[PDB]
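Residue numbers (full-length UniProt numbering), protein chains in the order written: chain R, 406 to 599, 611 to 689; chain G, 407 to 431, 438 to 599, 611 to 681; chain P, 407 to 599, 611 to 689; chain B, 407 to 599, 611 to 689; chain L, 406 to 599, 611 to 703; chain S, 6 to 102, 126 to 340, 406 to 431, 440 to 599, 611 to 678.
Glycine is no exception: its CB is placed at the ideal position from the N, C-alpha and C atoms.
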Amino acid sequence: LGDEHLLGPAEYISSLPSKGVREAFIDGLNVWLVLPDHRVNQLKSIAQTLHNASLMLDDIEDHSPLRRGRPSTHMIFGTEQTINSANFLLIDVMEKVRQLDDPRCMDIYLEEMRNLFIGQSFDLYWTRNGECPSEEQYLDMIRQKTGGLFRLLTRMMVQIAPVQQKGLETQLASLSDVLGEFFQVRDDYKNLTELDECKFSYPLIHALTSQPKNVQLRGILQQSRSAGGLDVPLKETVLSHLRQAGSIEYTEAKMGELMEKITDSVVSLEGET
Amino acid sequence: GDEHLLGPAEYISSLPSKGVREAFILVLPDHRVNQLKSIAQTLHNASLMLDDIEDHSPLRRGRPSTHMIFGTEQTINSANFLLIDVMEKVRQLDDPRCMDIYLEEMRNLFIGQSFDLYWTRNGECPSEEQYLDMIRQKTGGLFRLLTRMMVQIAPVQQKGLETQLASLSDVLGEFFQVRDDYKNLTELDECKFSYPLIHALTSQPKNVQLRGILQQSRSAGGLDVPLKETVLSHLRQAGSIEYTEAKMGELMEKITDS
Amino acid sequence: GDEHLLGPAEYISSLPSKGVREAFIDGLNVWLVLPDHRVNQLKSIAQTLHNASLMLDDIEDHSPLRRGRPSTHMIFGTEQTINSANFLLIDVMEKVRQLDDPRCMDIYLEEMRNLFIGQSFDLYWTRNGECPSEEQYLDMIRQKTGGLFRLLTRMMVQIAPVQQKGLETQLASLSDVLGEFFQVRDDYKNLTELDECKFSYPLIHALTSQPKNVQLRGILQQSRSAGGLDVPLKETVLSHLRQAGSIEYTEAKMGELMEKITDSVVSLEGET
Amino acid sequence: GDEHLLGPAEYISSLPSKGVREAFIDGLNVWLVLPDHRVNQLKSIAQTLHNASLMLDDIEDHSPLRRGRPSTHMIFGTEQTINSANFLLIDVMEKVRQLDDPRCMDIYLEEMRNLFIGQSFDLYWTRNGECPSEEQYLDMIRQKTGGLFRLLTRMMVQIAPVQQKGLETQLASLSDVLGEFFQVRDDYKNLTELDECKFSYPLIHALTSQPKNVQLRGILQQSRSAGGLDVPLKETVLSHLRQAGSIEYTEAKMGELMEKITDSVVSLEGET
Amino acid sequence: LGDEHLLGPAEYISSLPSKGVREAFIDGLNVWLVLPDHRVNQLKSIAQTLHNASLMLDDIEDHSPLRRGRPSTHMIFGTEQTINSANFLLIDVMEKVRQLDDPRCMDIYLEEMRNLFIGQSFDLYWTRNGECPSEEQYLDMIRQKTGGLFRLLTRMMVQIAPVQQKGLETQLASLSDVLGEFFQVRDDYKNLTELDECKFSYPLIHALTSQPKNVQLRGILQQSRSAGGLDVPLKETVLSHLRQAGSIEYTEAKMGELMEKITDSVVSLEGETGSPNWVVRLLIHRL
Amino acid sequence: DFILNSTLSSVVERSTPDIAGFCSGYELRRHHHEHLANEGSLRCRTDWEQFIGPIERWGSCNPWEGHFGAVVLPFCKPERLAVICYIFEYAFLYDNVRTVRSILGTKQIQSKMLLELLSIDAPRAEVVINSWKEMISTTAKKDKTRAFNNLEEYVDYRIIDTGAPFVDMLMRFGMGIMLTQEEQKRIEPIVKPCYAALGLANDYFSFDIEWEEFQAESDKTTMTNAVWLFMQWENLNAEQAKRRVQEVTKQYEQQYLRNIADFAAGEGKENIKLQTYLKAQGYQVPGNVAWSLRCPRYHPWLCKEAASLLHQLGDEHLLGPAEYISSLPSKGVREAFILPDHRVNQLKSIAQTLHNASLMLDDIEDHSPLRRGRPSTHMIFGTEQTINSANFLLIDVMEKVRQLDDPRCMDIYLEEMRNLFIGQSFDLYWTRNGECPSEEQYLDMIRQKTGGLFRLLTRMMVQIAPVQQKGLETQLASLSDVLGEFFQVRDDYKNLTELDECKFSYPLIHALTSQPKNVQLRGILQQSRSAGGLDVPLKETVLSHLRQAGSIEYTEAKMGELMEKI
């Protein structure tokens, strides 16, 4: 009888350093959508809890000993305990969407969570069975796996917005989608420029698509799967193979286009309001 | 694209089962009964999918487990979505009070499971009271959930019988857990404590053989046959196979009382 | 001393055999009528090549047993077995030159090139977990498994006393069909009567007809992850094969290959 | 397609090398005065043999790195690397057969026999943990790493335009002495400035001069069993070797070998 | 078939750097007891043999690959040969005790080695089963394990010493026990401030007792137990958890109390015997 | 932090530069508080009297001029001077010099001085300690018997021997400086000439007392002053011999000043740390000659006048594996091998406990999870606790042996256990390091590892039993050896007809030796060694090879011959 073993993984990950992208996003959306401070704090708590649950889960499914320079939650509590505590945070958040005083807030939650789970399922399937997805297939997974939280927060925040502003929905959903795509392409580029778990990325797909006969890359990508992780000399070989096909420049062009889209969307949004 | 999310859920819902939860399920219309049976089935499937991973069980009902056909990560993802889908099913019941019942009962279930996992991993033997309180929530949580949800969608009249039925559900869950403890040795390997084992380790505070065998079981992944017979002999000598049947008889008497 | 080099080469010879290649050599000798010592030399070449192939294959599949008895790499280690298999090629080079024919060496070279190409494709498909198509699979097993029969028959036509030369393409076709038949036979036997992630003819149809069977694809990946499958999972695979018409599609291939073999044999009775 | 068969070969060719074989051929050329085209053919043969030898040695030594770059079997797997080495041996056939000499093949076969014998003895000594005698070790290095030099030497003298009557025994002796010196040099360089428990001249001298050094044998058995030596145990082995005086014995052997190298070179220069 | 493969592990551990604490202890007690140099050398040799056997046995049951910065015995001679050598070392010591020319020296040996094994048994039991002992139980265990050699040597010297000095049994035994406690608490402090095998310690017992709800520390200890070793990030977390509860200063308080007791015992013995030792006062200065 | 404070020193007003014909280029600075030097001096004499014995020769104390510390060290901190003058007195009274009392008192004064140094400044004291080791080591063990031939080689020895590094290293303590090894290896030859001056300076005024030495007593025939060396090359009378020494001392002395001047012109411009050192050392040369001109220690006869001015829990984890192995079913044959009834029962208990400990240890070095169909001891209690209990079982057997009252029962037990451990060590070496023993070597090992217990019991019972039988010792010992051999061969035979840890058996040795070229058997044995054990077909292959070698009949011939001897 107690909660000392349930809210231990939840509290450990909540005491770690963080960036605050998910909360600055709410703060930035609060400009066009005037909201009471209580509702903004509630949404911030919901976003933080969901992000913590996601971080807890995608560490066991990535065999990552460390997290922001400190050991992972499952490495201090256990895999089963971490899973049990992460499955409970979904129920806990379910009690907070009910405190937003709107029946429609649950439909948005139950739809966007389904979308996030579909995206993560596709990611997990491509990770387990080493099938390289196409560029279009990859870009729709991360529009749900990563941009799911942004859309979820946006749609519960134009709903509690005082009357008037409900038509300004599609543009913010597109903005959230572009943000989710950009925050994953940027992470892939950062991870490569500055693998071990054999996770496909936007630069790594172009190399495997443009060069159908690259037998070295397709073998170094399988040694990682078999052994469990690449050593530094093989990582340098992967980077050298990617620097030949021009995948990095392709990633930079994609990031530039994404940023142009973000600027255009923001400009239009201030143009209306 | 929903083939890699609903897969494990379909696979585990196709294996042969007992249907005790469905057997358990007040003048209710048939449609509501089917809805509650679907909720119970999906919750049981999610519980089994999760429990198989935390016990490294390669087989279930003789057939292969879900995490040996799809992996552990996909099974975990499917279990979380199964919780979401049970949540969706509860919404269609058209009763605002099923909300709090479902959330509180799930919270109790998760607390019980967390306590069980902590006891299993850290090798700390709980007392009889702590063990009998864990299984009243981990195993009796589903029956309590179904009973409380069934009472609310029943036409008036049956409103003062919630307490009696909840007590009955708790005793029934306790009986099922103690029964599955009994019919696991007289018919551990996954470092799981039980009522006979707790009795043996409490009545014998200086028995080093049993504790050493348990420690060997911990850092080996399980016991082989001869050590299992040694454990059985120790329990039979300490009189824990017989102390268990007294609990089984007493629990049945309370069931008759309630 | 030739004691650690010839060692693994004699253990694989001492083991009981099937003698299919020797019977095949005896089979094409009625048509080509060769002297006895040349036939013995050719049978020795076939035995050496088959033994080398078996020694190499047993290592590349982690097979602790062969014909009930232990494999060569469990009595002499992996490195010595590789060395002996490497030297058996050297020995076959000396054996071929005694046949007194410049063209025999070229034939031997081209056939071994084809065999190595086929084996390389098999290894690539096995390691990377990539499912070949039916056409690609039939092309691979035609070169890897029909390579020895093709080599033997092409050397037999050259060695055989002058005159008969037009019956070369017919015999090569017969050898290729027979090799494909043998491989499909072994595949069907293994499935009906995959622990090292080997793609089979029944399995390719199963994965091609159903582009959405996630259970079979997950069991195949579990095989790779654990380096083998346990018995209930093999039963699950067999059940999945017996529900997509993959065992009944193999028998049709078997019958067509038998009809082709019979037609090829018949056509060789009117050209005598 | 040959994209999976020639992969490891081209990968190991891409890696940087030294060019000892090419320089040795160029050095013999001034005495033999071969035409350019035959010289390039011999360099191709030597390079292919060396690449195949390194490809096999990396597998049979569990070496994850080569020249600070990933090994071939870490990019293509063990089985594909073995198959590529086999095809590399099969490929050198056609380059010897394009040298336009029937006698050039018997030499190839015989020196390959000697090379495989030497490698088999090395593998036997490594696997079973048996310490060979000084003469036994010196003979095995004379055939193993003195095999390519001797093979190239005999082929060059056979191709060489006329003369070359007495220049067969002297050149062969130069070849074995050079191979022996190279093996001793590599042992010394690796030792002073193993992981796979490989025997060497300093180590054999230490185990022979001290019939009762239990610590050295225990550390060697720990290396054999565990799988490798950490830095402190390597330092302990080095301290034992310096105490026993094996390093100076090895250096004296190097000086003695270089004396005969210089004598052979001055003698050959004088005769012509 | 003569020698070797038996004394080899015993000789390798003898050819190793050592501070020589027990030898200095014997030389400092000899001023109070006054023994011939021959018997002092015999006792010193007995001490080295017993200490070396203890080190050879304890390096096996810690999975320790190195000792003093050099490879251990079981990484050079194997576990079984090291066990055989350590077992023979007890029979070898029992030949030296018989050469001390006293029937009463065997009883002391056979009754002190029993206490040593009793303490080591509890140490091993706590280590294997991951059960935290109490502070009383941990201080009693180290008074029979690390204070066993000192007490054995002390009771042996006061039996061969020329008559008169027999009444000081109690004081020289209390000194041995407090010294044995101090040498283990100091080592325990040094390891933390300056748990790969998941061994309990005074700071760790204090942390696990004072905070009965710190689920993080117990989780990391169980992780160390399961994985057979803590990485550096986890050891930093353990060290941080031991500073949030004040275990480090509790260890200093215990050390100060122990040193006060040692100083008081030495001063009492000095007023009971005569001129100052100057030899126990110096090895006290080098803590 | 390197200021040469002159306020704690007091220069002596000279008139003639020659200090009695020496040091015609230096002054002399006297220390101010020259009563800690006296205080420290007599404090050392008091402790030497109390612990070691009586003093006859004077140390370092001049009433008229002053203590050696004052004259030679002018630049020491006032509170670190008493300690220094204690080490200075210790050196003199010890180098020239019941048994237990003195040897125990010399380890007592040495630790008082050590404590004083290590309780004033720890890091500067450690460098003093190592310097003392060099001076002591270079005296006793460095071939005193060997003589000298020339001046240069004698000068090199009479540097580290006499004072110089010691006195210099003590000065830094009074100053507070420290030196890095790299720069220590730099000033090595710039201070070398200075040491020469101090050493030869002593020689001038130590020659008179040096008369009553080897040339006063023929028992010693060697000598070590430069004056006596000048007796060997030029053989001049002491007057002119010393006159040679007067000016050469200047050469070694004046040269040291020459590099001092040379140093300043060059790097000397910015060397604030080191130029302080050089100035201080230059005072030690005038200080030595000044003190060693009137000192009582070098002119004894002034005794009285010199002195006069001065005054005016429980066993539940230990006996846990020991009772489990004593509860498994047994087929005990050692009990049958075994007088008064109680003595017999004591012997049975000893044999049982020894066999139980042997089994406990053997099951660990075989990695066998099973024993007699029941789980092994280390699978219920672990390896560590089983090893700990099998180590105290020997002590328990020991207490049993003494109760079997006989002084001779101890020696038999110890020697028998020594033989048992030797046999087991050979077994373990052969098992691990893949080495095939010979037949004789194997047969000798099984005679000690397996026949050891029978020999132990027999030799105890021939001692305990009432007189009567006399010659029944060799017969029974031989019978026990044959019995142990027979039991081992039986166990080897039964393990095959009705390996997994690479254990050499009697048939296997014959198989490997009779056929020196069989590679299959050796390869399978190496596979067992590497992988960990043998699978079933591999075991059938090994048994087949043994049958073709005919090594099973060779084993049965040994059983019949052994049984015949019994």
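Note: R503 of chain P is not bridge-paired with any residue in the DSSP secondary-structure output.
For a Cβ distance threshold of 8 Å, residue set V439, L440, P441, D442 of chain L lies close to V128 of chain S, ordered along the chain. For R475 of chain R, the pairing in a beta bridge is given by DSSP as R:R472.
Contact annotation: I481 of chain G and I496 of chain P have beta-carbon atoms that are not nearer than 8 Å.
DSSP places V439 of chain B outside any alpha helix (DSSP H), giving it a letter other than H or E. Taking 7 Å as the Cβ-Cβ cut-off, the segment 452-465 of chain P has no residue approaching chain S. Between the segment 70-77 of chain S and the segment 42-51 of chain S there are three or more inter-stretch CB-CB distances shorter than 8 Å, so the stretches are counted as touching. For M480 of chain P, the nearest beta carbon of chain B is not closer than 8 Å to its own beta carbon. Your pair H410 of chain L and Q486 of chain L checks out as a contact, with CB atoms roughly 7 Å apart and the cut at 8 Å. The C-beta separation of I547 of chain G from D507 of chain G comes to about 29 Å, leaving the pair out of contact by the 8 Å criterion. For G672 of chain L, no chain G residue has a C-beta closer than 8 Å to its own C-beta; the minimum C-beta separation is roughly 34 Å. The alpha-carbon of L554 of chain B is positioned some 22 Å away from that of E540 of chain B.
In terms of beta-carbon proximity, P476 of chain L lines the interface with chain B, with at least one pair separated by less than 8 Å. Of the other Cβ atoms in all chains shown, 16 or more fall within 10 Å of the Cβ of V563 of chain B; this residue is therefore buried. DSSP places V16 of chain S in no alpha helix (DSSP H) but in the uninterrupted beta strand (DSSP E) bounded by 14-16. In this structure, DSSP gives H410 of chain P a state outside helix and strand, which the three-state scheme calls coil.
Look at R35 of chain S here: in three-state DSSP terms it is strand. Of all alpha-carbon atoms in G:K670, G:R591, G:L460, G:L515, the one lying nearest the alpha-carbon of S490 of chain G is that of G:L460. Rounded to the nearest angstrom, the gap between the Cα atoms of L650 of chain S and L597 of chain P is 28 Å. The beta carbon of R641 of chain G lies closer than 8 Å to those of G535, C614 in the same chain, with the five residues before and after it left out. Taking a 10 Å sphere around the C-beta of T532 of chain G, we find 16 or more other C-beta atoms and assign the residue as buried. Exposure of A669 of chain P is indicated by the presence of fewer than 16 other C-beta atoms within 10 angstroms of its C-beta.
The Cβ atoms of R475 of chain S and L412 of chain S lie no closer than 8 Å to each other. Distance from the CA of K424 of chain B to the CA of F522 of chain P, rounded to the nearest whole angstrom, comes to 30 Å. Among the residues facing chain L, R533 of chain G is included, as its CB has a counterpart in that chain under 8 Å away.
Separation of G672 of chain G and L455 of chain S (C-alpha to C-alpha, rounded to the nearest whole angstrom) is 51 Å. Fewer than three beta-carbon pairs drawn from the segment 441-450 of chain L and the segment 141-159 of chain S are found closer than 8 Å, and the two stretches are therefore not classed as touching. Using a CB distance below 9 Å, the part of the segment 616-632 of chain G facing chain S consists of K629, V631, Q632, ordered along the chain.
Here DSSP, grouped into helix, strand and coil, assigns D592 of chain G to helix.
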